[PDB]
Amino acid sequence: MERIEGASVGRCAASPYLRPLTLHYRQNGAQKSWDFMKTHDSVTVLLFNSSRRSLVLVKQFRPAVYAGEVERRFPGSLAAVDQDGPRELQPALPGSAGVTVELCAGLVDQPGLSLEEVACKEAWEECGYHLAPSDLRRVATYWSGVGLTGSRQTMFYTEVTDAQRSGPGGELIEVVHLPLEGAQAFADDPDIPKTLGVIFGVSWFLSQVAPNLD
């Protein structure tokens, strides 16, 4: 997975996910405008494999994050693309720089689907776990962009057994069974690039669900 070659940044003109806009409005009398983007809602899922006493997460490379780490470590690298085409990434960091630990997640695009379905979908696709929309329990709903994106995200949790997990042996995204003993320590450790989701999830599970179990 963690093998990325020939990173090059190019200027984006059209994109389905992008679609930036400007909102003009008179606040408290004063006429203003704001720059933001039509971006997609999303759903996240926490799995607890009761049979293994582990939590289920997705470690994967994120390009956004990778390019983010390159900008910190070599500023200006993300100078505006003004060329015949893409700029090559001059100091190119290891693939392991864009690699994040996250909750199982996905966009809310498919027209109609109850969030739960979009959840059980990602839970199948990403983790290889069969889920039923009745199994899922709403944890929280909140906004992610606020600044540049008015996107909602909804979070769900459900318990699983090895009976719902089945995968063959013939790998874009890693699956991460986090054993519960180490869960807390793991969340805290700043060496691991994670989302607040991840941190909240573990934090929440341990406080809310963990005590009322075997």
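Heads up, when I say rigid core I mean the largest set of C-alphas that superpose within 1.5 Å between the two forms. Start at 1 with the first residue shown and count on from there.
Between stretches 120-128 and 106-114, more displaced by Cα RMS in 4 other deposited structures of this protein (rigid core superposition): Output: 106-114, the stretch lying farther off on average in 4 other deposited structures of this protein.
Return whichever of 59-67 or 174-182 has the larger RMS Cα deviation from the displayed form in 4 other deposited structures of this protein, where every structure is aligned on the rigid core. Higher average C-alpha offset in 4 other deposited structures of this protein goes to 59-67.
At least a third of the other compared entries lacking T141? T141: modelled in every other compared entry.
Can you check if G98 is missing its coordinates in at least one third of the other PDB entries compared, counting only those that model the residues either side of it? No, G98 is modelled in every other compared entry.
Counting only residues from the deposited sequence, how many are left out of the model between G170 and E171 (none, 1 to 3, 4 to 9, 10 or more)? The entry has a gap there, with 4 to 9 residues left out between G170 and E171.
If you take the mean CA temperature factor per stretch, which one wins between 70-78 and 137-145? The recorded data point to 70-78.
Which of 49-57 and 176-184 has higher mean CA B factor, as the PDB entry lists it: On average, C-alpha B-factors are higher across 176-184.
If I read the C-alpha B-factors straight from the PDB entry, which of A13, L206, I192, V198 is highest? The C-alpha B-factor peaks, among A13, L206, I192, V198, at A13.
Which one of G106, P94, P86, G128 shows the biggest C-alpha B-factor in the PDB entry? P86 has the highest C-alpha B-factor of those listed.
Relative to the other modelled residues of the same chain, rank the CA B-factor of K38 and answer lowest, middle or highest third. Highest third.
C-alpha B factor of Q153, ranked within the chain: lowest, middle or highest third? For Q153, the deposited C-alpha B-factor lands in the lowest third.
Taking the chain's C-alpha temperature factors as the reference, tell me which third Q27 falls into: lowest, middle or highest. Top third by C-alpha B-factor.
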